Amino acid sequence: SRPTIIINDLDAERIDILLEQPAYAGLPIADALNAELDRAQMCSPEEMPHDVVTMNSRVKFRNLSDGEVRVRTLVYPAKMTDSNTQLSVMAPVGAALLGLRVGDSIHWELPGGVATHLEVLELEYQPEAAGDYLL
């Protein structure tokens, strides 16, 4: 399991639609996100806690399997153009980071060969906190 996802109403809806795409049929991360969104804690973009990793946030995180640190911006697949700076929410690490708070760690093992162990070190940029309610 993983900690409950904290997400704003708009991204929750967009991801719900995203997961419906047949391109993601049978994918472990898609199935996992569907289940997690059903029990996610949602709120308006203005009510979003300032330390939560949200879509389009830039986050510094550590891989708990090897100690490696990286900075990546979490984006929707349509916007993923550079793997050295961006991370798809549909990729295991992106899905694992989504909804976590700075300071949280996650040890998410899913059947089908997917497992992520990460720690959120810093939230360099969060759209909600910057007023970019994207509305």
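Residues carry their position along the shown sequence, with the first being 1.
Per-stretch averaging of Cα B factors for 54 to 62 and 35 to 43 places 35 to 43 on top.
Of the two segments examined, 101 to 109 and 77 to 85, it is 77 to 85 that shows the higher average Cα temperature factor in the deposited entry. Ranked against the other modelled residues of its chain, the C-alpha B-factor of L27 as given in the entry falls in the middle third. Ranked against the other modelled residues of its chain, the C-alpha B-factor of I17 as given in the entry falls in the middle third. Sort the modelled residues of the chain by CA B factor and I6 lands in the lowest third. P49 sits in the highest third of its chain by CA B factor, as recorded in the PDB entry.
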